[PDB]
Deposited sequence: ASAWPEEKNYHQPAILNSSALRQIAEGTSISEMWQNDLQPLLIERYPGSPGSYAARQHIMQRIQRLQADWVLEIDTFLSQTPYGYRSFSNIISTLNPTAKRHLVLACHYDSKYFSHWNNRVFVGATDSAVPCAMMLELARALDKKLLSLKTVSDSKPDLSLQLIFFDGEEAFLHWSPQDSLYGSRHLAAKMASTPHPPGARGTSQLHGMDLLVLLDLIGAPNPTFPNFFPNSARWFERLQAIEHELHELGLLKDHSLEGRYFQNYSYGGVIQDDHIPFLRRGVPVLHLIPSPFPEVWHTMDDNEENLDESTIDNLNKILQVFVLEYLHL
């Protein structure tokens, strides 16, 4: 009876040296991400809307143009909602579908529903158009390295639909895409043909990005079982800082500080966490001041902060995958 699902417990990163860190810093482009990955998502895109369809097409197209062997899947399903039955579609992009283990990066691509107010429309820039764009920029910036995966471990990206409540958050009105996909993955044998392991056993770590893009974010170290990975993010931020590779950044104002959060923040990681998947929840506390406000827009985003986090996240992923 294989112990492969325990490999994640002993997995260590292959740390990048200074030269490699400089290479990663120079290899990502915040202006290219802004124009090509982010702006097309700064639209109304609540579930079932024309915008949801356009956002999904954009995400798929941006992944499809890459060289790495991404396998795209649209996970479409029905769920009861305050407005009756509706259809939702999660987007899953996977390198090496049959590899037993995957490091998983995720965010939600839907925007919260709000009727138009005084000619303004809610586009959820930090929530979570920026996280979406960061994942797309990561796939682009690391494309050559990821192409080499074509340690039975690879990478998967999940863009959840329906993270937001249609009304105000409640247990049955929220997390539509993640509740559905976690249940589906928990009941799907993995690798193909397995007798007693599921796709969830194959999820090494779920790194969920949410509410990123405002100035001065502070991310708490939420869970003991992923604390060592939170410490790696701290170390990466520190070294990139010391090498002069971050912009408008100080250690006093670092993003990954030494502090935990004992409370529970409901988000897409919940259905996975309650089924035993280790989670690194990259959501800041406190939330952006513009949270769930029409001001959660492009003008209020902090460019250098997002650029800095792109560098940190890309190093984290390469070190995790030994690339």
item	value
Deposited positions without coordinates, collected into consecutive stretches in sequence order	151-156
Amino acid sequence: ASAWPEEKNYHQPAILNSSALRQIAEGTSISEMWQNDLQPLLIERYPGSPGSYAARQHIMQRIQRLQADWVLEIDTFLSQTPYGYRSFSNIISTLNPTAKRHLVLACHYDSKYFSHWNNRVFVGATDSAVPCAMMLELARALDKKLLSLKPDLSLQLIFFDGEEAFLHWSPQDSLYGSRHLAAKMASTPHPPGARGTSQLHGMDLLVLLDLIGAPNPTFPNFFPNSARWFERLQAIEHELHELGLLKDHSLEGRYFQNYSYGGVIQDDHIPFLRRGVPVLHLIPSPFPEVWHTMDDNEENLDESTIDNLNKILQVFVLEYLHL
From here on, numbers count along this sequence of modelled residues.
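Whichever C-alpha set is largest while still superposing within 1.5 Å between the two forms counts as the rigid core.
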item	value
Segment of greater CA departure in 5 other deposited structures of this protein, 125-133 or 165-173, core superposed	165-173
151-159 against 177-185 - segment lying farther from this form in 5 other deposited structures of this protein (CA RMS, rigid core fit)	151-159
Of 5-13 and 307-315, the stretch whose C-alpha atoms average the higher B-factor in the entry	5-13
Stretch with the higher entry mean CA B-factor, where the candidates are 294-302 and 257-265	257-265
Highest-ranked of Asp161, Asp204, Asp127, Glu242 once sorted by CA temperature factor in the record	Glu242
Given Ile283, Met33, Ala68, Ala55, the residue at which the Cα B factor reaches its maximum	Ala68
Third of chain Cα B-factors occupied by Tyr113	highest
Relative C-alpha B-factor of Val121, binned into the chain's lowest, middle or highest third	highest
CA B-factor ranking of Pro224, expressed as a third of its chain	lowest
Among modelled residues of the same chain, the CA temperature factor third for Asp75	highest
Third of the chain's Cα B-factor distribution that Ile92 belongs to, per the entry	middle
